[PDB]
Amino acid sequence: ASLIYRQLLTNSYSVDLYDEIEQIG
Amino acid sequence: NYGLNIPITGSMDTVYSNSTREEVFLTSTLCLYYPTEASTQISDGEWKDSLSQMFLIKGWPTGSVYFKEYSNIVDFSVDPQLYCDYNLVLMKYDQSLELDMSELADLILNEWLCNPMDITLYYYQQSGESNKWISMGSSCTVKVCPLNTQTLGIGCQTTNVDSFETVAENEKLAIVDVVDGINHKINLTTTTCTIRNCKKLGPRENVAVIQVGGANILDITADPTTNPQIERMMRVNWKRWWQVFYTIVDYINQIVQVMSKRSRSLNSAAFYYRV
Amino acid sequence: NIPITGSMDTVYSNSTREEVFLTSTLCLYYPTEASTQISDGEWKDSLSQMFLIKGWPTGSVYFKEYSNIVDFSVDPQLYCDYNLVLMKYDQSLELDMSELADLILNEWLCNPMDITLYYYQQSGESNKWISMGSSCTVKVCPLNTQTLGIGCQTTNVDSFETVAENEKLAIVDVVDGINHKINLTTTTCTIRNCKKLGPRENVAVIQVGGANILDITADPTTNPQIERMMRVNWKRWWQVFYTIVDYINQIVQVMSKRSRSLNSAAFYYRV
Amino acid sequence: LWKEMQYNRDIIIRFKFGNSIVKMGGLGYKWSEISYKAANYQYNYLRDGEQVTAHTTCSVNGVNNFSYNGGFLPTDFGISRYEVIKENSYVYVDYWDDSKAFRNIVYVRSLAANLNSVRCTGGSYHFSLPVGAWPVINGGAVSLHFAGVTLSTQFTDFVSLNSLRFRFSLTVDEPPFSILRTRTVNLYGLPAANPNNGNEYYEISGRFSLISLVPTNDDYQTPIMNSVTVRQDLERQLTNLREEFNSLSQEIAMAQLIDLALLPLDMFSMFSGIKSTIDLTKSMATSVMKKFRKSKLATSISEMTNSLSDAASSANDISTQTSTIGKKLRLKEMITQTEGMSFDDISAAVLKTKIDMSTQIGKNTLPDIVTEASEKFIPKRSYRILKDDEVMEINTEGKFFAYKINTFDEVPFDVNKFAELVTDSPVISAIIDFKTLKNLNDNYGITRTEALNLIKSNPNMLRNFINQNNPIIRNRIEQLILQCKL
Amino acid sequence: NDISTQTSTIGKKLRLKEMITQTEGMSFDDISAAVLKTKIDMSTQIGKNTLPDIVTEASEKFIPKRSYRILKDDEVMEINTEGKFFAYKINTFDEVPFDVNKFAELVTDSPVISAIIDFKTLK
Amino acid sequence: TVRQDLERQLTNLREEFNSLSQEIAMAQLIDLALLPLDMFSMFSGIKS
Amino acid sequence: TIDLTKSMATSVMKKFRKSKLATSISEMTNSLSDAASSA
Ligand SMILES: *[C@@H]1O[C@H](CO)[C@@H](O[C@@H]2O[C@H](CO)[C@@H](O[C@@H]3O[C@H](CO)[C@@H](O)[C@H](O)[C@@H]3O)[C@H](O)[C@H]2NC(C)=O)[C@H](O)[C@H]1NC(C)=O
Ligand SMILES: *[C@@H]1O[C@H](CO)[C@@H](O)[C@H](O)[C@H]1NC(C)=O
Ligand SMILES: *[C@@H]1O[C@H](CO)[C@@H](O)[C@H](O)[C@H]1NC(C)=O
Ligand SMILES: *[C@@H]1O[C@H](CO)[C@@H](O)[C@H](O)[C@H]1NC(C)=O
Ligand SMILES: [Ca+2]
Ligand SMILES: [Ca+2]
Ligand SMILES: [Ca+2]
Ligand SMILES: [Ca+2]
Ligand SMILES: [Ca+2]
Ligand SMILES: [Ca+2]
Ligand SMILES: [Ca+2]
Ligand SMILES: [Ca+2]
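Definitions and cut-offs
Every chain here is numbered from 1 following its written sequence, a scheme that can differ from the numbering in the entry; residues without coordinates are not drawn. Labels follow written order: the first chain is A, the first ligand is 1, and so on. Values throughout apply to the part shown, which belongs to a larger assembly of chains. By convention in this description, side-chain values take in all heavy atoms of the structure and omit both hydrogens and water. Only N, O and S atoms count as donors, using a 2.8 Å cut-off from the metal and 3.2 Å for Na, K and Ca, and because water is excluded some sites may appear unfinished. Comment: elements are numbered from the N terminus, with helices defined as DSSP H or I runs of at least four residues and strands as E runs of at least two. Exposed residues in this analysis have more than 50% of their type's maximum accessible area, buried residues have under 20%, and partly exposed residues fall in between, with area computed by a 1.4 Å probe over protein chains only. The convention used is that axes are lines fitted to C-alpha atoms, helices contributing only their stretch in contact, and that angles between N-to-C directions extend from 0 to 180 degrees. Angles are sorted into four bins: roughly parallel if under 35 degrees, roughly antiparallel if over 145, roughly perpendicular if 65 to 115, and oblique for all others. Two residues qualify as a contact provided that any one of their heavy atoms is within 4.5 Å of a heavy atom in the partner residue. Under this grouping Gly is polar, as are all residues other than the nonpolar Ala, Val, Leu, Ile, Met, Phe, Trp, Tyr, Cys and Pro and the charged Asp, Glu, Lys and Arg. Disulfide assignment relies on a single distance test, namely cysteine sulfur atoms paired within 2.5 Å. Put simply, buried area is how much 1.4 Å-probe accessible surface two parts lose in total, over both of them, once they are put together. Under the rule applied, a polar contact is a pair of N or O atoms within 3.5 Å (in protein, one hydrogen donor and one hydrogen acceptor; residues adjacent in sequence only if both atoms are side-chain atoms). In plain words, nonpolar cores are sets of buried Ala, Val, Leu, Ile, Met, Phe, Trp, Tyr and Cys residues tied together by side-chain atoms within 4.5 Å. Patch construction takes residues with relative accessible area above 30% that form no salt bridge. Like charges are linked within 9 Å, and nonpolar side chains (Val, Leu, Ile, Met, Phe, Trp, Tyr) are linked within 5 Å. Here the open area of atoms and residues is found with the Shrake-Rupley method and a 1.4 Å probe, where only the protein chains shown may cover a residue. In what follows, salt bridge is the name for a side-chain nitrogen of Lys or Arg lying within 4 Å of a carboxyl oxygen of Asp or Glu. Between any two strands, at least two bridges found by DSSP are needed for them to pair. Pairing of aromatic rings covers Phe, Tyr and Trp, the last counted by its six-membered ring, and requires centre-to-centre distances within 6.5 Å; plane angles under 30 degrees mean stacked, over 60 mean edge-to-face, and any other angle means tilted. Two conditions define a charge sitting above a ring: the NZ of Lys or the CZ of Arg must be within 6 Å of the ring centre, and it must be within 35 degrees of the ring normal.

In its metadata, the entry names cryo-EM as the structure determination method and reports 3.5 Å as the resolution.

In the PDB, the structure is listed with the title "Structure of the VP5*/VP8* assembly from the human rotavirus strain CDC-9 in complex with antibody 41 - Upright conformation".

Chain F is annotated in the PDB entry as Outer capsid protein VP5* from Rotavirus.

Spelled out as structure tokens, the structure:
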């Protein structure tokens, strides 16, 4: 069940391109 | 917090005894609800005092017997406030008032829990078989419009009041049952008549409806399959109101032995308004 | 289906012909020309009395006249428990006759189609679109994934490729897996998406005319002569009816009881 | 508490393109810009037996800029930058109507449409030449094919109309756009000159579905005309939903929580199945990650790794060292996969059991909850390292023990000998800490096998003791659940 | 058969668990993915809407029937999605009486071994 | 514009995969299974 | 982290896919796939 926190931290890089969506839009 | 979960253990041998006491009033109160026609036919006005005197010998102290006059069944059905403890309601049977008498009986003989219905702003539903809607006022023209899953009125256009279905028109009181599980849009004349979502709790056993006239027609249960005869659905045979009142006074011990004082409420309203 | 275990040495039961005749009903659908050539009208009573000799109780036989094959094809309700369809053949009615035979002999499971909005595919080899009405003229147009029609313009209906015109009944198969847009005269003709389940045990089609031309299965390869596609030559409708009456044991033997948990209520002439 | 309501309707969408022109000077031969512009339109139509009034707004994107310029001479024909739409360009048609459905369009669970394509063809534009042969723009066509519905809003003069936006794709069509009487023939595409061809309106027809989330605090009484718009909605207070989440632990169970905690929970497994709106089901996961990154715990992970990297080239006394390495052990627990029961398992289990029984009501608020619980849940925890059957246990509050495995009696601790092994030997979360374990061994005398298993935090033995209804383990795990209070 | 029905339900759940988690065995889903990759690579007809809606099918229908194991203290308890269920010693393969209650207890916590090579084959 | 192509579907292509299975060996499917296929690796070699 | 720095991770992955190492890994995997396809 703790796997999700590791998944959040590991996959957190995509927030960069998500905020890129937000600011370019 | 009267501990309504821990079991109570009786015994099957010992003993038939007395009821000890209860101290909230000096004693119970009997309470007649008669139509104006009784007064007009009696042609009197010391008769309430005479009836109190004749109750005293039956064994009711003087202050315990109260009398309430009402115009007729339909004008009384609106907000029937039972201000009292042992209620009898003498209902003169009249053809074409069968469903009105059934409405009033279903209202008072049973214990209701009513919520408001803001018709202008919400759709409405019915949770189950025990849930009616009760509309009361001067004129209740309850036009419904059922809606399918897609919120398109079936058999009606929600924006055109004309297409609606009039479940009950121009009634002082109307108990309406629509199909349970389908949203409805309601329309009734909010200036005069209000309407409430009323669920049915158990029975209210302070009240005895005495049908004064014809056959046994009071169908308290909206279910067509069931038609029980309750011990409080009284029926008597009349030609004269003096005879009716004399029978009531003479047999009043049985009249109160069939009822029970326990099921009473602070307010006199015929339903618990749960907002 | 739950398993059913049975031996191979149990003795054969008795003949069930009397029981089925007493419990069931037979119903004949014939063209109006049959009555016209008979030039009578006590003939239903006569044939009922004739069936009674072989052992069909008096009310068990129902004669349901239909105008002709193509006009009967629209919404065929078989109000009975054993159905016989006498079916006269003339050239150029081959396909519509075969369509009706396929429709009734094969069981179907149908759902509505909304031509106005959705693009419809075909599930597979057992799926067809059946259109019924006073006049069906389906016009189909296949599409890409980008909704650009091939051999047709999705907006203009003239370019569409007609597959049936002015037909009371049309069972159209199209290439499976390609979205199509349809144009069919929604006021007149109703079209439904159907799957061909197993066979219908209840109905037998007695072709009265020519060669063994019926092809129930749209597949070009298989043309299997199923037993319920009976055929007989004719010159006199009286001879045809006498033949059917005399051999009615064989016909109902070829047929059998219908085994399907339906979902569409309709009138039946049961006992 | 939030009820689905389907509102699917068949609609007819009427719209027209908008054309803007700007003249260039001289005697009136040139032109500066011919471009598409946002265009409004009103209409009424009969559907379902009532006349519904509709308001549409068409706009264009992705537009090409062709050109043509006859030269610098003061009378030669040309258009400096005249546009067209072709494969790339899209057209949006915001749609609104007075019907009941569009009042309930604030919160939506799903929304999608099926519209029939249409063919738009260009008109005839006679460029205003003062004298001579009349140039003639003509031809050009595209086809609108529907692709996707979204939410949108018309910034109409009187109010802002929440509305549906239909994004139609394009498809260039047969009639080759030309500038006749001029040097441009056999183009293809719809130019901005006269996109409407004089038609009163271009028309689409289709059916759109919608699943709104009108609120409900009671089964019988569902509303119409959703009017809790984001003017009528406001930030739920931080302390308020903190108190709500703390209250939610009234109900959590004992063994079922451990059963859930023994799953692998991933992005899909957790964040799916949340009764949320479309605008939040789109990016809930990324929203959670964005605020998870900046949490104190996450920046502590970053500081740990960066400090170690910088060290790689830089070259109650005991309580403080034990506490610091306890925080470090917590960081290591979060980053790595431990083979024990791993407190963060229980934290995530509580988190899932809390959030599943809530609802998204126009604000995500899983950010500030998931990320906040990740750092606040189980504030004081404990770890242990077994070696030579002398397990050394440590508390994040600074306490320390060292006790044998065969029999649970403690030993003098060895600082700097625990620290050498805590770096490499696998750390074991101490969900059955030393105190509760000693109680258990004293009262319910246990064996070597289950002693080792409970030391290792083996799920099998933990659940065996829970399903024995052991009071010691039951109470211990209940307190574990109870510190999860944000 | 109550035992067979219960074990069938547990087998479905175990298939879901195999998909979810990271097992150190051969993990039938592994073979399914390998076969999918080989078929995809060799096949030369793959449109835009083929790898979508075929990777799903390769997840669904590949190896519909499979079995799992729980190892425990010199014994093994094996289950099958069809309904079969065995239990046998690990050193010498001779089956021993089964305990469905113990298996249901242990399946939620202990790790599951995808029985690629099932007891029918071990014997 | 373009009629880019039509594209085979599950219904048309499942029989092709049925007829494609029998060429599959087994001594090296094990090796392919053992190699961990990530999002990159599985779709790296699609039709080149 | 000067001023709204781009996605470091995805920027580096933009051409860590095309490295000699990554191409070799994909090559080996597809070689095994072809070996599976043809015995
Ligand atoms: C499938 O294709 C046929 C082929 O035309 C379609 O026929 C068209 O039907 C519509 C209405 O169903 C006709 O519209 C008419 O428009 C005039 C104005 O021009 C109006 O006055 C009428 O009241 C009516 O609305 C249309 O004219 C007619 N086509 C032709 C060439 O006349 C058919 O509708 C299509 N099927 C479906 C389901 O769309
Ligand atoms: C119960 O009531 C009766 C009434 O007749 C009375 O006579 C009797 O005394 C009462 N019981 C006792 C125990 O006094
Ligand atoms: C009820 O109907 C009347 C006319 O049919 C209409 O004027 C009135 O507005 C309706 N009531 C409500 C609450 O809409
Ligand atoms: C079946 O047929 C045989 C021979 O005619 C007869 O003896 C027997 O009674 C029949 N069975 C029944 C159930 O009628
Ligand atoms: Ca009434
Ligand atoms: Ca109506
Ligand atoms: Ca009801
Ligand atoms: Ca009744
Ligand atoms: Ca054509
Ligand atoms: Ca036909
Ligand atoms: Ca077909
Ligand atoms: Ca054939």
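(A) Representation of the coordination of the calcium ion (ligand 10). All names here are of chain C. Donor atoms from the polypeptide that coordinate the calcium ion (ligand 10) comprise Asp96 (OD), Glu99 (OE), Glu99 (OE), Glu167 (OE) and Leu169 (O), at 1.8 to 2.4 Å from the metal. Mapped onto the sequence, the donors of the calcium ion (ligand 10) take the spacing D-x2-E-x67-E-x1-L. In this pair, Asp96 is assigned in helix α5 (residues 94-105) and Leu169 in strand β8 (residues 167-172), connecting sequence segments 73 residues apart. An identical accessibility class is assigned to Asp96 and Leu169; each is buried.

(B) Layout of the packing of helix α1 (residues 3-11) of chain A against helix α5 (residues 285-293) of chain D. Axis separation between α1(A) and α5(D) bottoms out at 9 Å; the angle between their running directions is 85 degrees. Considering the angle they form, α1(A) stands roughly perpendicular to α5(D). Residues A:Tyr5, A:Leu8, A:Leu9 and A:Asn11 of α1(A) pack against D:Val288, D:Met289 and D:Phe292 of α5(D). Taken together, the residues of the contact of α1(A) with α5(D) sort by class into six nonpolar, one polar and no charged.

(C) Geometry of the state of the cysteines. Per the counting criterion, the structure on display carries eight disulfides over all chains. Disulfide partner of C:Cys27: C:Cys80, at an S-S distance of 2.0 Å. Around the S-S axis, the bridge from C:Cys27 to C:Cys80 shows a dihedral of about 80 degrees and counts as right-handed. Of this pair, C:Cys27 sits in strand β1 (residues 26-29) while C:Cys80 is found in the loop between α4 (69-73) and β3 (82-87), placing the two residues 53 residues apart along the sequence. In this pair, the class of C:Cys27 matches that of C:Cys80, namely buried. Each disulfide pairs two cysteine sulfurs, and for C:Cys141 the partner residue is C:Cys152, the sulfurs being separated by 2.0 Å. Disulfide C:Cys141 to C:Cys152: torsion about the S-S bond roughly 85 degrees, handedness right-handed. With C:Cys141 in strand β6 (residues 139-142) and C:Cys152 in the loop between β6 and β7 (161-162), the pair connects residues that are 11 residues apart, well separated along the chain. In this structure D:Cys58 is not part of a disulfide, and its nearest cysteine sulfur, from D:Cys120, lies 8.3 Å away. On the accessibility criterion, D:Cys58 (1% relative accessible area) is buried.

(D) Quick peek at the interface of chain D and chain A. Chain D puts 29 residues into the contact, and the matching count from chain A is 16 residues. Roughly 2000 Å² of surface becomes buried between chain D and chain A when both sides are summed, with 69% attributable to carbon and sulfur atoms. When the area that chain D buries against chain A is broken down by residue, the three leading residues are D:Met289, D:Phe292 and D:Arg293, summing to 26%. For the interface between chain D and chain A, the tally reads 10 residue pairs in polar contact. Within the residue set of the side of chain D that touches chain A, elements represented by two or more residues are α2 (255-261), α3 (267-271), α5, α7 (317-335), α8 (344-355) and α9 (370-376) of chain D.

(E) Examining the nonpolar core more closely. In terms of nonpolar packing, the biggest core is built from 68 residues, with A:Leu8, D:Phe271 and D:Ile477 touching the most fellow members. No other element matches α8(D), which puts six residues into this core. Setting aside residues no more than four positions away along its own chain, D:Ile477 makes contact with D:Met254, D:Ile258, D:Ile432, D:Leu462 and D:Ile466. Grouped together as the second largest cluster of nonpolar side chains are 58 residues, B:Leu147, D:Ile11, D:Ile13 and D:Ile34 included.

(F) Broad picture of the arrangement of the chains. Most contacts, when the 10 pairs of chains in contact are compared, are made between chains A and D. What separates chain A from chain B at the closest point of their C-alpha atoms is a distance of 35 Å, and the two make no contact. Considering only C-alpha positions, the minimal separation of the non-contacting chain A and chain E is 10 Å.

(G) Representation of a nonpolar patch on the surface. Taken together, the side chains of A:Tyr13, G:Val12, G:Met13, G:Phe16, G:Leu21 and G:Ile25 present a nonpolar region at the surface, about 550 Å² in accessible area. Elements with a contribution of two residues or more to the nonpolar patch: α1 (8-16) and α2 (20-37) of chain G. If one sorts the elements of the nonpolar patch by residue count, α1(G) sits on top with three residues. Turning to its location among the elements, A:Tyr13 is positioned in the loop between α1 and α2 (14-24).

(H) Region of the structure containing the sheet that holds β7(C). Residue and element names in this part refer to chain C. What the three strands build is an open sheet, ordered β7-β6-β9; its pairing is antiparallel. Strands with a single pairing partner mark the edges of an open sheet, and in this sheet they are β7 and β9 (180-183). Note that β6 and β7 share two bridges and pair antiparallel. Within β7, the position partnered with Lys139 by the bridge is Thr162.

(I) Structural detail: the environment of B:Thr221. Residues and elements named next belong to chain B. Its location among the elements puts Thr221 in the loop between β9 (207-211) and β10 (233-235). For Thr221, a relative accessible area of 21% translates into the label partly exposed. C-alpha of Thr221 to C-alpha of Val89: the two residues are 132 residues apart in sequence and 19 Å apart in space. Apart from residues lying up to four places away in sequence, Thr221 is in contact with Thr226 and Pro228.

(J) Region of interest: the side chain of C:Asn83. Residues and elements named next belong to chain C. Take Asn83: it is sitting in strand β3. Assessed through its relative accessible area of 0%, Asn83 is described here as buried. At 2.6 Å, the side chain of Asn83 and the side chain of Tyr29 are in polar contact.

(K) Seen up close, the sheet that holds strand β11 (residues 203-207) of chain C. Residue and element names in this part refer to chain C. Spatially, five strands are ordered β2-β1-β3-β11-β12 in an open sheet, and the strand pairing comes out parallel. A strand with exactly one partner marks an edge of an open sheet, and here the two such strands are β2 (61-63) and β12 (229-231). Strand after strand, the sheet turns through a mean of 20 degrees between neighbouring axes, direction not considered. Strand direction decides the pairing type here: β3 and β11, joined by five bridges, are parallel.

(L) Seen up close, the coordination of the calcium ion (ligand 6). Residues and elements named next belong to chain B. Within the first shell, the calcium ion (ligand 6) binds the protein through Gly155 (O), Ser163 (O) and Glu165 (OE), at distances of 2.3 to 2.5 Å. In terms of primary sequence, the donors binding the calcium ion (ligand 6) are separated according to G-x7-S-x1-E. In this pair, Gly155 sits in the loop between β5 (131-146) and β6 (165-176) while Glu165 sits in strand β6, placing the two residues 10 residues apart along the sequence. What makes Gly155 exposed here is its relative accessible area of 59%.

(M) Looking closely at the pattern of salt bridges. One pass over the full model with this rule turns up 34 salt bridges over all chains. When the shortest N-O distance is used, the salt bridge between C:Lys128 and C:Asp173 registers 2.7 Å. Highlighted residues: C:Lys128 in strand β5 (residues 127-136) and C:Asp173 in the loop between β8 and β9, separated in sequence by 45 residues. Of the residues examined, C:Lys128 reaches a relative accessible area of 7% and is grouped as buried. A salt bridge links D:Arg381 to D:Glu333, with the shortest nitrogen-to-oxygen separation between them at 3.4 Å. Of the two residues, D:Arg381 is situated in the loop between α9 and β18 (382-385) and D:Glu333 in helix α7; the sequence distance between them amounts to 48 residues. Among the residues examined, D:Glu333 registers a relative accessible area of 0% and is labelled buried. Salt bridges linked by common partners bring D:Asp259, D:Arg463, E:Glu105 and E:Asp109 together as one network.

(N) Spatial organisation of the interface of chain E and chain D. Across the boundary between the two partners, chain E contributes nine residues, which contact seven residues of chain D. Summing the contributions of chain E and of chain D, the shared interface buries around 730 Å²; its carbon and sulfur component is 48%. Of all residues in chain E, E:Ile20, E:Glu105 and E:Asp109 bury the most surface against chain D, accounting for 56% of the area lost on that side. Where chain E meets chain D, there are two salt bridges. Here D:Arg463 and E:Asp109 are joined by a salt bridge, their closest N and O atoms 3.5 Å apart. Our count for the contact surface shared by chain E and chain D stands at three residue pairs in polar contact. Listed by contribution, the elements that provide at least two residues to the side of chain E that touches chain D are α1 (2-20) and α4 (100-107) of chain E. Across the side of chain E that touches chain D, the residue classes tally to two nonpolar, three polar and four charged.

(O) How the structure looks around the packing of aromatic side chains. This model, assessed by the stated rule, comprises 57 aromatic pairs over all chains. Pairing B:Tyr70 with B:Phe76 gives two aromatic rings, centres 4.6 Å apart and planes at 40 degrees, and the pair type is tilted. Each member of the aromatic cluster is reached from another via a ring pair, and the members are B:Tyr34, B:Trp47, B:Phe67, B:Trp238, B:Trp241, B:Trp242, B:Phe245 and B:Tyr246. In this structure, D:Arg14 packs its charged tip against the face of D:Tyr201, placed 4.8 Å from the ring centre.

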